[PDB]
């Protein structure tokens, strides 16, 4: 069932959100927000800067003070507010999905069925952790009672990307709030709108003022303001590896704020000769082309055993040739635009290198339409490892297919990158599945599938693909600060 909105969407929420109220910017400047499919302005939004990030942090610091409503409420009540927020997002599913699709150039079917479902489910998962975050009692040497508290860290700055604005906002605020933190969120400059609606719903749900504050604006101003702030306890960021380094660096020079990063990838698949060929083609295809390739985990290097390489390529190219480009909102459309010009250019520039450096172009390889940031779906075969398209994250609808005949060698090739976000392994053989997945330097390894992500599973990168994990039980650790309390006693007993 794909239901839709009955009325034109009206943009209501466009201001900075601090202490459960709407603020104009300290400058009074606003900034435009566009539709990537039309290149038309959708609205203007208040533009946040350091001056406004400062107001947001003070609000967050105050809401985090010992004795506040957010610090003193039962953990179960933090959970209740989170499940209430999920019910509210569910109520506004049609509206939010349309806004997500229209603002982020995202297929509406995906937006409604996938993004909004994952968003609701992830919130509900996190709600359930709130009163199940526990410390320890510890049999310390000597006559002492020792326990630990897994406290909230404090004010967490959270920079959200444009590829999955709602899902990534919830991946960040869900755990942070479940653990009792307060947050200052900076949505992507390209995609501030759905977060501002969520803020309206955070107010409606009854979170105490200052527990969530949302500051739209630009990265090198409001984002830098966050990453360099002297009273922000932790920064979480998803985006390019290049910007990741700037954030980690800025944390070090400012106040040694804790850092977690979810960054790019150049994620490989290894397809063995004994693999279910059709299943491998389908997952590797969707693996790289999903949301116009604008996925951190994009299966951007597909290594296929020589004896099935030809047949793999052929079937892959056929599947790539089936797309219908156009407005994400129109039913039947199966590929939307890229998010913006900066991105559009890098992608076309990378496609050019593919041709020049002599990969075999099977289909695509140029732009589409008179407007919108559209790129034809592109497939390159006979790709080699020093080629730009084999080394650089494209973040576009561009697939690389390469051959191998030696398993040891292809695992070295798969591992020979500074990235390490994810990988895929396609085989029917028990031993190979286990041993190859073990040998890959990748945070998530899929076997006989790709792109399977859920709230129950921790997620993050090896190497320059990230620091830390998000979600699952393990990801919840990075929103706590552990305090050990050791009490002198007259005599301990086991």
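Numbering follows the first chain given and starts at 1.
- For the two regions 66-74 and 47-55, the entry's Cα B-factors average higher over 47-55.
- Averaged over their C-alpha atoms, the temperature factors of 415-423 and 129-137 are higher for 415-423.
- If you compare the C-alpha temperature factors of 446, 34, 462, 459 in the entry, 34 comes out highest.
- Highest CA B-factor among 100, 249, 282, 151, as stated in the entry: 249.
- Residue 9 sits in the highest third of its chain by CA B factor, as recorded in the PDB entry.
- Among the modelled residues of its chain, residue 264 has a C-alpha B-factor that falls in the middle third, as given in the PDB entry.
- Among all modelled residues in its chain, residue 24 ranks in the highest third by Cα B-factor.
- Among all modelled residues in its chain, residue 182 ranks in the lowest third by Cα B-factor.
- Ranked by Cα temperature factor within the chain, residue 144 sits in the lowest third according to the deposited record.
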